[PDB]
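Worksheet: the structure to be examined is printed underneath.
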Ligand SMILES: [Zn+2]
Ligand SMILES: [Zn+2]
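Protein chains in written order, with the working numbering: chain A, 1 to 343; chain B, 1001 to 1103; chain C, 2001 to 2046; chain D, 3001 to 3051; chain E, 4001 to 4065.
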């Protein structure tokens, strides 16, 4: 009826064959007659919930229920750009004989993530290229490639002929400044992956440089981005308008994801049902089958966002989400203080 | 110098106000727009970007009656701050119980 | 003042003064590059 | 060495030959392509059948 | 010339997975199964590793040394 259509518009996002419908957030006061969409903190705190489904090193997946698309996109953008980290900015070069260009070498070194905790440092002031103990870190990289004194007669592979011919990021040595050695235990300040190939050398060539790293946000440059892929998707909820059974039900298992539609023999005949709509990626392959188009209704839940955050290894992703929320709170507090100072 | 108010015309009418916010982007603009649109006393709320080169946004608020349109701004900011605190607490609790049940 | 250069095939440090025929010992190649400077150079990772 | 490995066994592993002969990947690949073909899940098989 | 450290689209660390990928090419693994075993789910990293040409050794063959 009309009420069902209104509820579907205000709660579900339907994906059609040619276009998506009901994509705009509409639960606002005055848009609906029989609904009081005015803001209520109690109802929001009641309906909202967070459920983590998977959490390992440099990877997190959690469902938020009750939040809106605006706040979800705000969190995503803060995680992508407004979370500060540590990255290489200044490169001091001493007799770089490598084939790799100096600017390209500095650009590659800048993209290398640093395991240093950004909360323990501060932003470098305008200028001040010398750097202080509080707001900079130094990494020394000195690799001299030379021929192996003991090798086979042929030694076709470069590994046997030469030593230190591939300058991995493990050669980077953190040089403490001031009292950073006492504050940070040995092994904490280091490259994240320890296996990133910076450049390749030949005997005679040498790479000697120092790297000054300062705190920065991803908005200024992508090298400060802590998260590799921080995104969110609406939770799908596939519904069957009519009970589908028989061999065509198997087609359902072949139309959607292999892990969402399951076939069961309740009375000796195969009937399909939704097992786990989370695993579906909405390939929209059900629209190819003419008969099975009018039997399913693909939809997305408006107030259920599955966030997937894969980080670069600087810090665990839960702390990243916490720091993103803290940065949003800090922006709100700064604007409130500015408004109070105005009035 | 970050957030500055501007009246609709020389008459200094408090019904239609424009807040210019510096060093911001679509994130806070859209968040505050969503948090203040639910205020029943707001007839028109809208944020826009002047130019992608400069980092500033312009929000415009027009109320229904005689609201100064600055009180809804502070209301939306406080509501967004409370929502952020609540989601932070909920996420911390969820992560803690997940770590507890995993071990 | 010792001015140093590098050959194109031997790659050995050769010291030659002004107004000398460009050559290199133990070979006959006539391409002589200049060694890299020792001054500090600052680069930006941008 | 490659021909001896082929006489001993019909299937030859490229990594084992690269490790033993201490040669680069391209030389071993050229040696194998002259007398062998790539069979998935089995390695390198002699191009002609047992006569 | 050399394998980039960061992926152009997403930004996942991909420079450290190059030589190991070559090992998977030295092994019997094909392209697809090797890219799957390396942990590249999205196709952007797969394109980054697959379409990359290793020109650093060809240049080092012309290096002074
Ligand atoms: Zn010479
Ligand atoms: Zn990628």
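Built from N, CA and C at the ideal position, the CB exists for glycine as well.
message: Using C-beta distances below 8 Å, list every residue in its chain close to residue 1003 of chain B, excluding the 5 sequence neighbours before and after it, in chain order.
response: By one-based count along the second chain, residue 1003 of chain B stands at place 3. Cβ within range, chain order: 1019, 1020, 1021, 1022.
- request: In the DSSP assignment, find the unbroken beta strand (DSSP E) run with residue 307 of chain A in it and report its ends.
  value: The sequence position of residue 307 of chain A within the first chain is 307, counting from 1. That run of the beta strand (DSSP E) goes 299-311.
task: Using a Cβ-Cβ cut-off of 9 Å, state whether residue 2083 of chain C counts as contacting chain A.
output: No answer is possible for residue 2083 of chain C: the residues shown for chain C start at 2001 and end at 2046.
- request: Please list the partners that residue 95 of chain A has in chain C, where partner means a Cβ-to-Cβ separation under 9 Å.
  value: Taking the first residue of the first chain as 1, we reach residue 95 of chain A at position 95. By Cβ distance, chain C contributes 2035, 2036, 2037, 2038.
query: Taking any Cβ of chain D, which residues in the segment 132-158 of chain A have a Cβ under 7 Å from it, in chain order?
result: Under the 7 Å Cβ criterion, the segment 132-158 of chain A contributes 152, 154, 155, 156, 157.
query: What do you reckon, are the CB atoms on residue 1077 of chain B and residue 141 of chain A nearer than 9 Å?
result: One-based indexing of the second chain puts residue 1077 of chain B at position 77. One-based indexing of the first chain puts residue 141 of chain A at position 141. Not a contact, by the Cβ cut-off of 9 Å.
Alpha carbon of residue 91 of chain A to alpha carbon of residue 1042 of chain B, nearest angstrom: Numbered from its first residue, the first chain carries residue 91 of chain A at position 91. Numbered from its first residue, the second chain carries residue 1042 of chain B at position 42. Answer to the nearest angstrom: the Cα atoms are 53 Å apart.
- prompt: What in chain C is Cβ-close to residue 128 of chain A, meaning under 7 Å?
  reply: If you number the first chain from 1, residue 128 of chain A lands on position 128. In chain order: nothing, as chain C lies at least about 14 Å away.
query: With a cut-off of 8 Å, do at least 3 Cβ pairs link the segment 165-176 of chain A to the segment 188-208 of chain A?
result: Touching, yes.
query: Taking the DSSP output, what are the residues bridged to residue 52 of chain A?
result: Position 52 of the first chain, counted from the start, is the residue given in the question as residue 52 of chain A. For residue 52 of chain A, DSSP records a beta bridge to A:62.
- prompt: What are the residues of the segment 1005-1023 of chain B that lie near chain A, defined by any Cβ-Cβ distance shorter than 8 Å?
  reply: The segment 1005-1023 of chain B vs chain A, Cβ under 8 Å: 1005, 1021.
query: Using 8 Å as the threshold, is the segment 61-79 of chain A in touch with the segment 294-308 of chain A, meaning 3 or more CB pairs across them?
result: With a cut-off of 8 Å on Cβ pairs, the segment 61-79 of chain A is in contact with the segment 294-308 of chain A, counting three or more such pairs.
- request: Check whether the Cβ of residue 3051 of chain D lies closer than 9 Å to any Cβ atom in chain A.
  value: Counted from its first residue, the fourth chain places residue 3051 of chain D at position 51. By this cut-off, residue 3051 of chain D is not an interface position.
- request: Starting from residue 1062 of chain B, follow the beta strand (DSSP E) in both directions and report where the run begins and ends.
  value: Translated into the one-based positions of the second chain, residue 1062 of chain B becomes position 62. Unbroken beta strand (DSSP E) run through residue 1062 of chain B: 1056-1063.
task: Could you please tell me which residues of the segment 71-95 of chain A, in chain order, have their CB closer than 9 Å to any CB of chain C?
output: Cβ contacts with chain C come from 87, 88, 89, 90, 91, 92, 93, 94, 95.
query: Are the segment 218-227 of chain A and the segment 313-323 of chain A touching, with three or more C-beta to C-beta distances below 8 Å?
result: The segment 218-227 of chain A, when compared against the segment 313-323 of chain A, does touch it at the 8 Å Cβ threshold.
message: So if DSSP puts residue 2006 of chain C in a beta bridge, which residue, or which two residues, is it bridged to?
response: The residue you call residue 2006 of chain C lines up with position 6 of the third chain. Residue 2006 of chain C pairs with C:2013, C:2033.
task: With a threshold of 8 Å, establish whether the CB of residue 3021 of chain D neighbours any heavy atom of ligand 1.
output: As a working note, residue 3021 of chain D is residue 21 in the fourth chain. The closest heavy atom of ligand 1 lies 8 Å or more from the beta carbon of residue 3021 of chain D.
message: Measuring only from the beta carbon, is residue 2008 of chain C closer than 8 Å to any heavy atom that is part of ligand 1?
response: As a position in the third chain, residue 2008 of chain C is number 8, starting the count at 1. Answer for residue 2008 of chain C: yes, Cβ within range of ligand 1.
message: Please list, in chain order, the chain D residues whose beta carbon lies closer than 8 Å to that of residue 160 of chain A.
response: Along the first chain, one-based indexing puts residue 160 of chain A at 160. Ordered by position in chain D, the residues that pass the 8 Å Cβ test against residue 160 of chain A are 3022.
- prompt: What runs of the alpha helix (DSSP H), each 4 residues or longer, lie entirely inside the segment 202-287 of chain A?
  reply: Note on the segment 202-287 of chain A: whole alpha helix (DSSP H) runs with a minimum of 4 residues are 247-255, in chain order.
- request: Could you tell me which residues DSSP pairs with residue 114 of chain A in its beta bridges?
  value: Indexing the first chain from 1 puts residue 114 of chain A at position 114. Answer is A:191.
- prompt: Measuring CA to CA, which of A:257, A:299, A:79 is closest to residue 312 of chain A?
  reply: Along the first chain, read from residue 1 onward, the residue named residue 312 of chain A stands at position 312. When only C-alpha atoms are compared, the closest one is A:79.
- prompt: Going along chain G in order, which residues have a C-beta closer than 9 Å to the C-beta of residue 3025 of chain D?
  reply: No chain G appears in the structure shown, which is made up of the protein chains A, B, C, D and E.
Any non-hydrogen atom of ligand 2 closer than 8 Å to residue 13 of chain A Cβ: As a working mapping, residue 13 of chain A is identified with position 13 in the first chain. Residue 13 of chain A: no, Cβ never under 8 Å from ligand 2.
task: Locate the alpha helix (DSSP H) running through residue 4022 of chain E, then write down its first and last residues.
output: Residue 4022 of chain E sits at position 22 when you count from the first residue of the fifth chain. Looking at the DSSP string, the run of the alpha helix (DSSP H) that includes residue 4022 of chain E is 4018-4026.
- prompt: Cβ-heavy atom distance between residue 223 of chain A and ligand 2 below 8 Å?
  reply: Your numbering for residue 223 of chain A matches position 223 in the first chain. For residue 223 of chain A, the distance from the CB to the nearest heavy atom of ligand 2 is not below 8 Å.
task: Output the distance between the C-alpha atoms of residue 4032 of chain E and residue 3041 of chain D, rounded to the nearest integer angstrom.
output: Here residue 4032 of chain E corresponds to residue number 32 of the fifth chain, with the count starting at 1. Here residue 3041 of chain D corresponds to residue number 41 of the fourth chain, with the count starting at 1. One C-alpha to the other measures close to 14 Å.
field: residue 110 of chain A versus residue 127 of chain A - alpha carbon distance
entry: Here the question's residue 110 of chain A lines up with position 110 in the first chain. Here the question's residue 127 of chain A lines up with position 127 in the first chain. Near 19 Å, if we compare the C-alpha coordinates of residue 127 of chain A and residue 110 of chain A.
message: For chain B, check one thing: does any of its Cβ atoms lie closer than 9 Å to the Cβ of residue 216 of chain A?
response: On the first chain, position 216 is the one that residue 216 of chain A refers to. Not one chain B Cβ lies under 9 Å of residue 216 of chain A.
task: Using a Cβ cut-off of 9 Å, pull out every chain E residue sitting near residue 3014 of chain D, in sequence order please.
output: For this step, residue 3014 of chain D is matched to residue 14 along the fourth chain. 4026, 4027, 4028, listed in chain order.
- prompt: Is any heavy atom of ligand 1 found at a distance shorter than 8 Å from the C-beta of residue 2029 of chain C?
  reply: Taking the first residue of the third chain as 1, we reach residue 2029 of chain C at position 29. Correct: residue 2029 of chain C has its Cβ closer than 8 Å to ligand 1.
- request: Compare the beta carbon distance of residue 167 of chain A and residue 116 of chain A with 9 Å and say whether it is the shorter of the two.
  value: Here residue 167 of chain A refers to the residue found at position 167 of the first chain. Here residue 116 of chain A refers to the residue found at position 116 of the first chain. Pairing residue 167 of chain A with residue 116 of chain A gives a Cβ-Cβ distance that is not under 9 Å.
message: Nearest by alpha-carbon distance to residue 1085 of chain B: which of A:212, A:269, A:330, A:158 is it?
response: Stepping through the second chain from its first residue, residue 1085 of chain B is reached at position 85. Closest option to residue 1085 of chain B, judged by alpha-carbon separation, among A:212, A:269, A:330, A:158: A:330.
- prompt: Where do the ends of the alpha helix (DSSP H) carrying residue 4007 of chain E lie?
  reply: Position 7 of the fifth chain, counted from the start, is the residue given in the question as residue 4007 of chain E. Per DSSP, residue 4007 of chain E belongs to no alpha helix (DSSP H) and is neither H nor E.
- request: Measure the C-alpha to C-alpha separation of residue 29 of chain A and residue 1039 of chain B and round it to an integer number of angstroms.
  value: Here residue 29 of chain A refers to the residue found at position 29 when the first chain is read from its first residue. Here residue 1039 of chain B refers to the residue found at position 39 when the second chain is read from its first residue. Residue 29 of chain A and residue 1039 of chain B have their C-alpha atoms roughly 8 Å apart.
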